[PDB]
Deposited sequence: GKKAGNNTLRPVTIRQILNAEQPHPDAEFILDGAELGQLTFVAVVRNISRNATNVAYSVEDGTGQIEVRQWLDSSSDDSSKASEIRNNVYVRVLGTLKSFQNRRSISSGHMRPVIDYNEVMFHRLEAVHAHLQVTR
């Protein structure tokens, strides 16, 4: 049970063995995952906050649950979450979402995804 650094593209290319199962990326279970991206839109609901998020490789929705005014459009963020499917759509269900520390983290993150992919793959 793991925390996989991934690009939105990998999220989008992850296979779901049809029915409604666990996702699979590079022949490995894709549960919890993390990535860095730029907020492009913010939609606020009673139940959740939905962000449209994009990292130069693809775009995805991440919704985090209420039970964030620092976060705004056009801002880098670290996303921690679980990959989920509803009705043929993929989105991240997130608990934690933080304004990126410095830009070097964005760079560090791409490498971490490469490195991870390389290690599951050889």
**Request:** Extract from the deposited sequence all ranges with no corresponding C-alpha coordinates, numbering residues from 1.
**Result:** 1 to 6, 74 to 81
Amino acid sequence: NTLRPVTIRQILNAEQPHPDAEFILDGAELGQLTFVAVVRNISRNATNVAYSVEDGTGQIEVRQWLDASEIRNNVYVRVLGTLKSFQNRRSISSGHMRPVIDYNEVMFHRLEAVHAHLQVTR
From here on, numbers count along this sequence of modelled residues.
**Asked** Once you work out the mean C-alpha B-factor for both 79 to 87 and 36 to 44 from the entry, which is higher?
**Response** 79 to 87
**Request:** Quick one: say whether 93 to 101 or 49 to 57 has the higher mean Cα B-factor in the deposited entry.
**Result:** 93 to 101
**Asked** Should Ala21 be placed in the lowest, middle or highest third of its chain by the C-alpha B factor in the entry?
**Response** highest
**Prompt:** According to the PDB entry, is the CA B factor of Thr2 in the bottom, middle or top third of its chain, that is, lowest, middle or highest?
**Reply:** middle
